[PDB]
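J.: In full-length UniProt numbering, the protein residues as written are 2 to 163.
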Ligand SMILES: NC(=O)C1=CN([C@@H]2O[C@H](COP(=O)(O)OP(=O)(O)OC[C@H]3O[C@@H](n4cnc5c(N)ncnc54)[C@H](OP(=O)(O)O)[C@@H]3O)[C@@H](O)[C@H]2O)C=CC1
Ligand SMILES: CN(Cc1cnc2nc(N)nc(N)c2n1)c1ccc(C(=O)N[C@@H](CCC(=O)O)C(=O)O)cc1
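1. Is the Cβ-Cβ distance between residue 22 and residue 123 less than 7 Å?
2. Between residue 4 and residue 104, how many whole angstroms is the CB-CB distance? I'm expecting something under 8 Å.
3. Answer with buried or exposed for residue 163, where buried requires no fewer than 16 other C-beta atoms within 10 angstroms of its C-beta.
4. Using C-beta distances below 7 Å, list every residue in its chain close to residue 58, excluding the 5 sequence neighbours before and after it, in chain order.
5. Just checking my contact of residue 106 with residue 63 at CB under 8 Å: how many whole Å lie between their CB atoms?
6. For the beta strand (DSSP E) that contains residue 161, what are its first and last residues?
7. Compute the minimum distance between the beta carbon of residue 3 and the heavy atoms of ligand 2, and state whether it is under 6 Å.
8. Could you name the residues of the same chain whose beta carbon sits closer than 7 Å to that of residue 137, not counting the 5 residues immediately before and after it, in chain order?
9. Would the C-beta of residue 127 count as close to ligand 2, meaning under 6 Å from any of its heavy atoms?
10. What number of angstroms, rounded off, separates the C-alpha of residue 121 from the C-alpha of residue 153?
11. At which residue ranges does the UniProt domain "DHFR" (2-161) contain complete alpha helix (DSSP H) runs of 4 or more residues, listed in the order of the chain?
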């Protein structure tokens with residue numbers, strides 16, 4: 002199970018229910034990373050997608066609303082249902098795409114971090130959950146420079162030590 006997120010230099014991930022930046026490169030990397038997999042997102046991050054569901058991947062939406070409707074998405078209500086779905090699934094990798102409340106609900110079962118680090122600093126209200134960095138190794142790092150230098154970013158892959 003992977004977590005996939007983008008954060009500024011201080012860890013910021015969101016502002017007013019939306020992204021605090023607009024960084025197309027990162028969105029085509031998101032898609033690369035989630036097409037074909039089981040993609041888990043919290044109800045509020047799902048309602049912020051411009052097309053719901055996002056196509057070519059299983060969107061699982063985590064909601065406490067018993068009645069919620071999301072045509073074409075897998076609507077569950079606790080973490081045990083996510084993993085009961087993933088157990089049925091097998092051959093699709095599970096990727097937790099946010100936001101903060103869902104990262105906290107899977108904080109013990111993630112093995113890989115797919116982090117995009119922005120060089121700048123943005124204003125918002127939601128930060129990435131604290132994680133033990135010391136328990137992971139950075140395996141891969143690729144940097145993309147943008148003409149807004151706040152937007153220059155690094156894609157890192159981190160994998161959990163034995
Ligand atoms: N920079 C980036 O990589 C990322 C950015 N973001 C940003 O993060 C913010 C969204 O984060 P946050 O506000 O934490 O929202 P979430 O996307 O994590 O959604 C929270 C909703 O999730 C449902 N929920 C939470 N935990 C549970 C549980 N254990 N079981 C079942 N339902 C659960 C509830 O929905 P209900 O209210 O329907 O009960 C709760 O309101 C936005 O600004 C967004 O843009 C989001 C993803 C990635
Ligand atoms: C708000 N949000 C959450 C979002 C944004 N960037 C992230 N970036 C990373 N690295 N990780 C995340 N979990 C992440 N989540 C969104 C908004 C749009 C789409 C979206 O349109 N994406 C298209 C691709 C489109 C583009 O390629 O212009 C997709 O097909 O995946 C994805 C996530």
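We put the beta carbon where it would ideally sit given N, CA and C, even for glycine.
T.: Per the coordinate set shown:
1. yes
2. 6 Å
3. exposed
4. The residues 35, 36, 37, 38 and 40, in chain order, have a CB closer than 7 Å to that of residue 58 in the same chain once the five nearest residues on each side in sequence are set aside.
5. Your pair residue 106 and residue 63 checks out as a contact, with CB atoms roughly 7 Å apart and the cut at 8 Å.
6. 154-161
7. Flag unset: Cβ of residue 3 not near ligand 2.
8. Correct list, in chain order: 114, 159, 160, 161 and 162.
9. no
10. 8 Å
11. The alpha helix (DSSP H) runs of length 4 or more contained entirely in the UniProt domain "DHFR" (2-161) are, from start to end of the chain, 25-35, 44-49, 81-90 and 101-106.
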